[PDB]
Every structure is written in structure tokens, then in C-alpha cells.
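Accompanying notes for the structure given below.
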2 protein chains.
Amino acid sequence: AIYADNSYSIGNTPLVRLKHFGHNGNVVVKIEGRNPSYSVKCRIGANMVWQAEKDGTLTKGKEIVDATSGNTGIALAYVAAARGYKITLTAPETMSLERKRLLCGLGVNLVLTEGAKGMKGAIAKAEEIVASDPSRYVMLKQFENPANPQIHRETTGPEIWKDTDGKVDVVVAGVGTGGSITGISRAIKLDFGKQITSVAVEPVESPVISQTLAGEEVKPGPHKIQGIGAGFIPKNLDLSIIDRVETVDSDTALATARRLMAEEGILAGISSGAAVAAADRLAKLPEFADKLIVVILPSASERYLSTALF
Amino acid sequence: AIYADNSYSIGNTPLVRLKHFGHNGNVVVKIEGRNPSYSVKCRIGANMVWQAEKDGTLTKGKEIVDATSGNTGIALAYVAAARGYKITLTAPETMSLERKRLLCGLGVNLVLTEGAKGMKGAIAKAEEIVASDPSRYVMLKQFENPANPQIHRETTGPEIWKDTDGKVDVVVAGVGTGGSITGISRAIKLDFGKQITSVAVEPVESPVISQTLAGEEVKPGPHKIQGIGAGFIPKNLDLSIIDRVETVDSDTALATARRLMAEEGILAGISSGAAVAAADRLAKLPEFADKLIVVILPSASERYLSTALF
């Protein structure tokens, strides 16, 4: 029916079958670009704010502070705007000027730090701002805030189960904060009782989950797959539900993304191309030929036009 | 469940209540930016192609030719890509270079005409290309192709009826091709038996529907409300279901659009700001205080960032 504000309109994203990936239709994609803010992060921007209200840490008057690497800050921005919260978001001068303006036009009180050290400064500034008056601010902390995976367990997971009628066999998701694969896996494995195969995807340039699980020295490193590869293990990544970890390089993630536009008519971001390249690999293994593979496409295309993707 | 391709995933867009427009919640918006291609036009790109198949004019091998003023060409582009059709789209050198590239990355064989005369050349080229071999091409003709309003009568209309439980009293829609208000109005007035108020919206700069219905000389003229104000009466505009015509100027359409971002957390285009300004006007008339007003928001924000809107 009718949503009280734009925060409630999250989710119910479509599953679509791919024709030029997989084997006789075993790869189906879940299009999270089909959301407010054009990415999966709307789901956690909404729920981290709802939960902060449920527990009283968010009150009719307090101000949201956070630092953001991109999609999340827009999510929180639109939810704050929808629900009428002051929001401060911190980000260095290493930022897109189209990303600055979007945030600003969202009523974000944007904090511009120095580029140099990277995101460690703006994040430090984000705790710094809170440190001034903790009673005035609340930092939502997507990497460790459990409301992040709990929304995927409550929505994104059941949506997958429902739309496939319980027939999903594998789920393929890149990991940034890890909340996606976590919430979904728990949903399907624990609430819906089905021992699916949960596949984490990361960049071959910064393969810290793979290096970790194999006891190998952890060596994070630069990459272009925007949205994943945080370069450490996030607290919202539960390695206990991860069955398999696939790595994908940036160039293949791009080529796959472009390929989805030109052949599938699906316009998604570099991270969505990374996830499909991972799922395609598995789908074309005789052990997965009969199984139903569900791949999360984290974001939509038109918010990557001016980096590499175009 | 699972869509065979991205064309089938159109529609089921949300209704959201506005908090800073209308009077005690009588204005609710339908967010058509929440679609593949990020606009309502995905609905006609999909259906004009489906219907052309139903009637045999589109065959496994023919090529789509059309000229486009923007959103429609992306819609057709993604549907052609999804359904595996060659598409030629014509457009002058008066085009966004980010709009060119999106189309190109969609596998569009783009035709670049001369700017000078405007869109009359690229359209003429679009018939010109067909004129070479009509057996090779098919021109879908959104302004007069009835599959355009029939999709809104089949989907967008019933979605409104269903989500409001039949309680919608007024529908507010800007008119470009007119298919939106047409299909929706017929749906609700004729199929669902309810004598709602259908309100067309146009720019005060090019008020040809208003000048027409009042017998006044028709004087189209330049405007910035992208998506509406075609500067003539389209064949897919049935003035027989239009109860009222509101005009809105470009500056107010912008301000209203920005206002939806900053206060509602709804990121939409200039034409969506035009439609809400029209609906807000009516909503604050004592005669509409009790009635439920539904406003179509035709497109999403991130595809206007680089003109005026930002």
C-alpha cells in the first residue's frame, strides 16, 4: 500500500534470469540497484536508523554522524531526510564532486577532511565530532552494527527464498561490510532450514578473507571494484556461514558489468560484475549445473559513469 | 518469482506519503524512478516491443529504429538488449555525452545527426533509415503507439488502485506522450468504475493543452521541465479523460524537485517536481482536503545531475 516515508520503501527487488551467463539458466540475479538510493545500502541506512530509534539512542533531536566510503552515506542521507534527522557525514577531499553535491542536495552537513591519509582522517573526524558532545551525536557504524545484517535476514533473505519458492541452492555475494551474505545466509540456512552454499566474493587484489581462512599472511591492496574489498575482515562478516570464497580481478569485474548492460540489459556497477563473474565460474562447473544460483547485484550503473565503468 | 529478462521486471513501483506537501497527508507519490532505466518509460519500451512481437511486426531478426528525446531511448535500448534486438536510435549533436555513452554501452547503434534544426532531423533520419528497407526496420512511435497507454492501463493504473485499495480520488500526471495519464485514467475510470479527477500537468511556458481546451491560439515555447511539454497535443493524449489541466513553471518544478530530496528523501527529476507542485496546489484547496491525491513521479534524480537540477 502506502509508505509513511521513503525509508519504508526499501527492498522487494527483482530476481532476473541471465541468458548469457551460467548453464541453461542456473544463474539468476537479484537487482539491488532497484532501490531508493540505487543500491543495497538503503536497506541498512533504513534499519540502522530504525533500530537506533527502537533502542532510544536516536531521539527526536539528535544528529547522525558517520564517515562513508560512498553508497552508505547516500542511504543514511536519504533516510535522515525522509525521517527528519540532522546528519553530518565526513569525507576527505578525495571525493567525487558529483557525490559531494548529491549528499549536499540531500541536506547533509558535509565534513571535508584532508585527503592525504585517506579515510582514516574523516572517520577519526567522525568520532572526533561525536567526541565533542556524545549526547548530541550518534554514530551508526555499518561495519559492526548488527542492524546491518539483521535487515538482510529480515528482508533480502526471505525475498530470495520467497521468489525462488525455496529452491535457491547457492548464493553469491561480494563482501564489503559482510552484512549481505551474513543476513541472507542465516535467513536461508537457519530460519528456512536449507543448507545452501554461501559464496563470498572479494578482489584478487585484496584477498583478505581467502588469505585468512587459509592461514596465509594477510596482504590487502588497491583495487577498482567499488563497494567491496574493505581490506580487512569486517565484524559483520560471519565466516561461520561462508562456504566458499571466490576472488575476481577488477578488469573482469568491469568487463562483466559492461557485458550485463550490452547483453542482458541490466545496468549495474563494477561490484555487480564482480559477483556475476564469480557465480558464472561456479555455474559452469558440472557440480553446480542442476543447482539454482542467486547472485546479489549490489548497485545500479548510473552512479559509476565517470570513474572507469564508462 | 523470477523474470525471464529485465523487460518483465517493470512496474510495481511504490506509493509514498509526502510530509511537507499536501494537507494532513492527502498527497502520496508513485515513484516511477524505481524502475529499470530509472523512469516510467521502461513500461512503454517493454510493451511497445512486446506488442510488436504479438503482431508479427517485430521478428527474430529485425532492427528497432527510433529517434528519442531521452528516457524512451534508454528504455528501448535496455529492452532490446534484454530481448536481443538490434536497435538504431537517432539523435542530433545536441546530445548529452553521458547520454550518448549510456546508449552506446547499451549496444545502441547510435545515429548522430546535425543539431541545427533540432530533433526534426534525427526523427526524419529515423524514417529515412526505415525508408531504405522497411522490411529491415520497425519504428515504434511512442507518441501514437497505443501499446504505450495500454501498459499503464494494464499495470500502472491497477497498481495505483490496488495500493490505495480503491480510495484514490485524484491522479496528477505531467504529459509528455500522454500515455501515462491516459492508461491510468481509463484503468481507474472505466475498468475500476470510479469517477476520479484526472489532472494533466504541463509547463506554463508551453501550455498547449490548456490553450487548446480553451480555444486559444496555441503557442508552444521553450522550457526546462525535462520529460514533458512536447509542444503539441500527442495522439496518446486522450483529452476525453482529462478533468483538469494544471500549469507549472520550470523554476518551481526545480525548487519542488530539490525540495523532495532535501525534505522527503525522494530523489526525482525536474518533471516530478512539476507534478508535485501541481498536486500540492490542489491538495491545499478545501475542496480536495478529504480526497486522496496520487501524483506520478516520472523519473529518478541521478540522470539530471549535470544540466540544471544540480
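Some points to look at:
- If you check A:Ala82, A:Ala122 for being assigned to a helix (DSSP H, G or I), within 14 Å of another protein chain (Cβ to nearest Cβ) and surrounded by 15 or more Cβ atoms within 10 Å (Cβ to Cβ), only one passes: A:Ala82.
- When residues in region B:111-139 are screened for being under 24 Å from B:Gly56 (Cα atoms) and of a type in the set (A, V, I, L, M), 7 of them pass.
- Test: residue in region B:285-308 that is within 24 Å of B:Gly157 (Cα to Cα), charged (D, E, K, R) and touching a helix residue (DSSP H, G or I) at 6+ places or on another chain (Cβ under 8 Å): no
- Given (1) surrounded by 23 or more Cβ atoms within 10 Å (Cβ to Cβ); (2) assigned to a loop (DSSP other than H, G, I, E, B), number of the condition B:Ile44 does not satisfy: (2)
- For beta carbons closer than 9 Å, sequence separation of 6+ or different chains, a first residue in region A:190-216 that is within 30 Å of A:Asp165 (Cβ to Cβ) and not assigned by CATH to the domain that holds A:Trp161 and a second that is surrounded by 18 or more Cβ atoms within 10 Å (Cβ to Cβ) and of a type in the set (A, V, I, L, M), there are no qualifying pairs.
- Of residues in region A:8-18 being at the interface with another protein chain (Cβ under 7 Å from one of its Cβ atoms) and not in a loop (DSSP other than H, G, I, E, B), the one nearest to B:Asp163 (Cα to Cα): A:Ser9
- Of the residues making up region A:66-79, one or more are in a strand (DSSP E or B) and either within 13 Å of another protein chain (Cβ to nearest Cβ) or under 26 Å from A:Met119 (Cα atoms) (or both).
- Residue in region B:43-51 that is closer than 30 Å to A:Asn24 by Cβ, touching a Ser or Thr at 6+ places or on another chain (Cβ under 6 Å), in contact (Cβ under 8 Å) with a residue 60 or more places away in the chain and not basic (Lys, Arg) present: yes
- Looking across region A:240-260, the residues that are out of contact with any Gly (no Cβ under 8 Å at 6 or more places or on another chain) and assigned to a helix (DSSP H, G or I) come down to A:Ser250, A:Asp251.
- Of all residue pairs spaced 6 or more apart or on separate chains, those with beta-carbon atoms under 6 Å, a first member in region A:13-41 that is within 28 Å of B:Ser301 (Cα to Cα) and a second member that is acidic (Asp, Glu) and part of a loop (DSSP other than H, G, I, E, B) are A:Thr13/A:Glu32; A:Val40/A:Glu32.
- When region A:261-289 is limited to residues that are assigned to a loop (DSSP other than H, G, I, E, B), crowded, with 21+ Cβ neighbours inside 10 Å and of a type in the set (A, V, I, L, M, F, W, C), the one that is farthest from the other protein chains (Cβ to nearest Cβ) turns out to be A:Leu267.
- Residue within region A:54-61 that is facing chain B (nearest Cβ under 10 Å) and either assigned to a loop (DSSP other than H, G, I, E, B) or surrounded by 20 or more Cβ atoms within 10 Å (Cβ to Cβ) (or both) present: no
- Residue within region B:190-200 that is under 24 Å from B:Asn145 (Cα atoms) and either in a loop (DSSP other than H, G, I, E, B) or among the basic types (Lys, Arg) (or both) present: yes
- Residue within region B:85-102 that is more than 17 Å from B:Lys41 (Cβ to Cβ), in contact with a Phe, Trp or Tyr (Cβ under 8 Å, 6 or more places away or on another chain) and among the charged types (D, E, K, R) present: yes
- For region B:1-59, the set of residues classified as more than 27 Å from B:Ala262 (Cβ to Cβ), among the hydroxyl-bearing types (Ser, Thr, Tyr) and under 21 Å from the mean Cα position of the chain (by Cα) consists of B:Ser7, B:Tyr8, B:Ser9, listed by residue number.
- In region B:290-310, the residue that is surrounded by the most Cβ atoms within 10 Å (Cβ to Cβ) out of those that are among the aliphatic types (A, V, I, L, M) and closer than 26 Å to B:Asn24 by Cβ is B:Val295.
- Filter result for B:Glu202 (away from chain A (no Cβ under 14 Å), buried (at least 22 other Cβ atoms within 10 Å of the Cβ) and acidic (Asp, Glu)): yes
- Taking the criterion of being out of contact with any strand residue (DSSP E or B) (no Cβ under 6 Å at 6 or more places or on another chain) and within 14 Å of A:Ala308 (Cα to Cα), the residues of region A:258-276 that qualify are A:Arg258, A:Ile270, A:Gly273.
- Test: residue in region A:236-247 that is over 19 Å from A:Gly22 (Cβ atoms) and surrounded by fewer than 17 Cβ atoms within 10 Å (Cβ to Cβ): yes
- Taking region B:160-187 as the range and being in contact with a strand residue (DSSP E or B) (Cβ under 7 Å, 6 or more places away or on another chain), part of a helix (DSSP H, G or I) and aliphatic (A, V, I, L, M) as the test, the residues that pass are B:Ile160, B:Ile181, B:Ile184.
- Condition check for A:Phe21 on (1) crowded, with 24+ Cβ neighbours inside 10 Å; (2) assigned to a helix (DSSP H, G or I); (3) within 14 Å of chain B (Cβ to nearest Cβ): one failure, at (2).
- Criterion violated by A:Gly221 - all others in (1) within 19 Å of the chain's Cα centre (by Cα); (2) within 30 Å of A:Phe310 (Cα to Cα); (3) not in a helix (DSSP H, G or I) satisfied: (1)
- A search for C-beta distances below 9 Å between a residue of region A:150-165 that is within 11 Å of another protein chain (Cβ to nearest Cβ) and any residue that is in a helix (DSSP H, G or I), counting only pairs 6+ apart in sequence or on different chains, returns A:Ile160/A:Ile184; A:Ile160/A:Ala187; A:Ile160/A:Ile188.
- Test: residue in region B:236-257 that is more than 29 Å from A:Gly105 (Cα to Cα) and within 14 Å of the chain's Cα centre (by Cα): yes
Numbers and lists here come from the model and the stated rules, or from a named source; none is laboratory data. Note that each Cβ is placed from the backbone with ideal geometry, even for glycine, and that neighbours are counted across all protein chains shown.
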